[PDB]
Every structure is written in structure tokens, then in C-alpha cells.
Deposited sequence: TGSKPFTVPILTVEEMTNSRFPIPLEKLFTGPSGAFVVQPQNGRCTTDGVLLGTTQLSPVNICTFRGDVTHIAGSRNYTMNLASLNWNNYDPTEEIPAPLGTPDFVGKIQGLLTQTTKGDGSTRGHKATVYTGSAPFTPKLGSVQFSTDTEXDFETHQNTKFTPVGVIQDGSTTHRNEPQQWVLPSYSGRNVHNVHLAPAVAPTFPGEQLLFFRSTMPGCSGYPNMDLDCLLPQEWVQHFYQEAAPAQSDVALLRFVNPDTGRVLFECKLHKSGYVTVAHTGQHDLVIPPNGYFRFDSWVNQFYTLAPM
């Protein structure tokens, strides 16, 4: 069987799988009390994509389609196309279009458009409210608010940049609250499962970034379960799993020594032996290395 491996890039060389920004650090904390169920950055170790996960680091939280103006405001409805401008199929057995935001919050960026006939172009600051009633990406449409021009039947793109807040500080975004992908009073479908440590003394290990803030006092923490480069790697390699748990070691090349070890579960998430909230202190050139497949009762050395 093809040997399993993980990418050897450092944390700072890899990308968050839930927003198009670099990873910055590793974090662990208790989460047994709440539900961890992100839909981007979900992939098994043998390469099966889950949830709304797709392969491009720059298409996360983007939208493409045509727009129509909502009379008496600066708001536009976008009729969604696929990530490569084909028709969007709402019957596919996924929660929402691939790359759809998987948290409730106000995402700010630029809405841009090109007119086919003459190549004229235009761009305006815009915000999408993923908690709002018109946020119905599974049905094929979302709404943007703008600050200011957009034509009908012309290709239009939202490029995300960051998040806003607008009361009590850091109350939004809520990175662990899923949007309602079909809107009010419709339950979500085909979700990737919630994850949690199943072994005593363990916690999830998160790959953490800080989202840019564009207004107010947002909570800018964003944790993903797998780097986007790991998703890309497992998808291509499709190496068979020889157990439910891949043991990884995090290595400091300056000394050759292992800093900590962790479990990469076959269904696509990492746990460590730690109790409490902890920002890991790592060497910037450290990397992860697969060492062996282990059984269900393997006890990690304390992180």
C-alpha cells in the first residue's frame, strides 16, 4: 500500500481551510461542552472530501454569479454559479455550494464585475451577513450590502477580506455556529459530523489564524481542523489507512528533537494529550511527520 504522509510545510507556510488567510499558530482547549462541526477543512486521511470542502485555498468564502439590484437600498441579490461559472445544482448531496462560509458572521470584502461587451469593470466594498434571512446559498442566492453601478447578466465576484462587528465587544462572528444554508426554518442537510476527543485526557488541536477586522470589535479567532494543504495532499494521495489513528510527531529541525506528538484521526482531525486552554509555543521551522498507525487505546505523551 502507498505509505501515508502529511505535508512537511511549517505552520506559517500553510493556509487556513476556513478562510483564505495564512495559519499563524497552534491552539488547544476544552471543547467537550460545545459542538465543533465546521464544514470547510473536512477531509479523511484517505482523501474523501466532506461537508462543503473543496481544494482551492483562494475560493474559500468567495461567491460568483449574476446580480440584481434591490430597489430602494444599496443591496444586491446574487444568483450563484459554480466555482468555475457553470450552473449551480442544488440537488447535490452537500450542505451548500462548496466553499460557502461555515460560520455566522458579517464578512466584508469587494464585489467586482466585468461587462462582457466592452471589458469595462467596477468594484465596491460589500458585506454578506451569513446569519440573515436572505443568506440561502443552498437555494442558490445570497444578498450583499454595498457602500455606493452593477449591471444585470454580467459575471460578478465577491472576494472576502475580513469580518466586522456592530454593542458588546467580540460577540460576533461566532465561528462555531453554522449558518442556516437554506434560510429560516429549514434544517441543514448532508453535514460533515461533529468532532470531539473520545480518549481520556485528550483535546482537539486547532490550526489557528486571526481574521482581518474591517470595522468594530470583532472576534477574529478562526480555528480549522486541517490546513488546506493537508486537504490537498490527502485528496491526491488517497493512501490507505491501516488503523483509525495516525501518530504524528512535531519536529524541531534546529535540534532534530520531537516537541510533541498527536493523533490524526482517519476521519480528519487532530487530538493532543492536554487539559486546559493553551497557546502552543513552537519553533517557526517546526513541522509534522507521520510515524505509525496505532490502535484505539494508544496513550499520547503529554503535549
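Of the deposited sequence, positions 1 to 2, 151 to 152, 171 to 172 lack any modelled C-alpha atom.
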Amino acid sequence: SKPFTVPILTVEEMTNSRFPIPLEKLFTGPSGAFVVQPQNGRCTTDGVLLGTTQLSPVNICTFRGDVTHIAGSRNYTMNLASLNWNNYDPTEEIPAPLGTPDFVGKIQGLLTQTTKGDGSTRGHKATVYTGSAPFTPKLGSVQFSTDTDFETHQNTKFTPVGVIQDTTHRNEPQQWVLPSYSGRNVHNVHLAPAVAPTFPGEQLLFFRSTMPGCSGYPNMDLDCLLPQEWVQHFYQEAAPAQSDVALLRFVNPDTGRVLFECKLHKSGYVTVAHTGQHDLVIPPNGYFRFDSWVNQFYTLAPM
From here on, numbers count along this sequence of modelled residues.
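Think of the rigid core as the biggest set of C-alphas that the two forms share within 1.5 Å after superposition.
Per-stretch RMS Cα distance to the displayed form in 5 other deposited structures of this protein, following rigid core alignment, is highest for 85 to 93 when 85 to 93 and 216 to 224 are compared. Relative to the displayed structure, the C-alphas of 30 to 38 lie farther away on average in 5 other deposited structures of this protein than those of the other candidate, with 30 to 38 and 66 to 74 compared after rigid core superposition. Higher mean CA B-factor, judged across 182 to 190 and 116 to 124 from the recorded values: 182 to 190.
Annotation for 288 to 296 versus 6 to 14: the higher mean temperature factor (C-alpha) is found in 288 to 296. Highest C-alpha temperature factor among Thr167, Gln143, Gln154, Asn219, as the PDB entry reports it: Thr167. In this structure the maximum Cα B-factor among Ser209, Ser73, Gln175, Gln228 is found at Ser73. For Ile282, the recorded CA B-factor ranks within the middle third of the chain. Only modelled residues enter the ranking. When the modelled residues of the chain are ordered by C-alpha B-factor, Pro160 sits in the lowest third.
When the modelled residues of the chain are ordered by C-alpha B-factor, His274 sits in the middle third.
In the deposited entry, the Cα temperature factor of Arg64 places it in the lowest third of its chain's modelled residues. Remark: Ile94 belongs to the highest third of its chain, ranked by C-alpha B-factor as recorded.
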